[PDB]
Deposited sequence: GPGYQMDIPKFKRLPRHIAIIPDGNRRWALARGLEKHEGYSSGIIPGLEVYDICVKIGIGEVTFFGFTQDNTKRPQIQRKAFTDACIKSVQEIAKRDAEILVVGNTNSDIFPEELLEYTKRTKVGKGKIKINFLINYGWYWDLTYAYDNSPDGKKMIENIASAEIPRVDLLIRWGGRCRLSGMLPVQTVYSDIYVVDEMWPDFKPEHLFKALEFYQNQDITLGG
């Protein structure tokens, strides 16, 4: 990417979840149409990827779009779907183990991303990058209720390949999960960046990691 001066951390999360929210508000603030902000959301994700590789984060899960999101106008659906496709394809030009998780039994799931629905090594690998594409919390839990029993259910949710989230970072100033991986996020420390996702700065992630290293982790204990 480009040269940064990255702070030293005493403790790092194994698995970060990213909610790249605020693209529509960012676009409206600059006098663009709501849907135009998604096309300015790709380079921020590449900056997150570059920082995580440099500091040695093992796994990053990006919130792409949910089944709930596909209720929005067509022009928005096309914009966020196009940006999700480009994002996965950009990580595919780099060093990663890519996994896409979402409901592939839908016309809404992009054909371009089917190849990534089993973990796929690109370049040298050595960081796990997950994308939630046509994901839904309800679809995720009900996958287990249908296809499992009892103790087995939890192990058989749709997102079962994605492990517990240590740190969840959300851009766009809202403090809410928007149904991201309810099972993996029961204990996650949540950090909210007030700036919209397209206004990403390395300091956003540095401040989130400073927050994480200051937390007492009990995982329900």
Expected output for missing-CA ranges on the deposited sequence is 1-2, 151
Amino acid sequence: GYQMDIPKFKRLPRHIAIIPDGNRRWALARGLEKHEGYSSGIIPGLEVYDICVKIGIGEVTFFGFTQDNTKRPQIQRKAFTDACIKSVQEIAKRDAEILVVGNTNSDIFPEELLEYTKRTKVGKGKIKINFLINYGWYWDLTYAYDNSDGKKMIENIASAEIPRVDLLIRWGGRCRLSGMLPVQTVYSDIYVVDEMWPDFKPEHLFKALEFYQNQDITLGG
From here on, numbers count along this sequence of modelled residues.
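Each form is matched to the other, and the largest set of C-alpha atoms that superpose within 1.5 Å is called the rigid core.
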After core superposition, the stretch with larger RMS C-alpha deviation in 4 other deposited structures of this protein, comparing 116-124 and 72-80, is 116-124
Assert higher mean C-alpha B factor (46-54 or 63-71, deposited values) equals 63-71
Looking only at C-alpha temperature factors in the entry, 25-33 or 152-160, the higher average sits in 152-160
Based on the PDB entry, the highest CA temperature factor among the options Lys124, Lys86, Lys128, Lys93 is that of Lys124
From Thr117, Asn134, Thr81, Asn105, the top C-alpha temperature factor is at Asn105
So, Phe200's CA B-factor, relative to its chain, sits in which third? The lowest
In terms of its chain's C-alpha B-factors, the third that includes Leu113 is the middle
By the entry's values, the third containing the CA B factor of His15 is the lowest
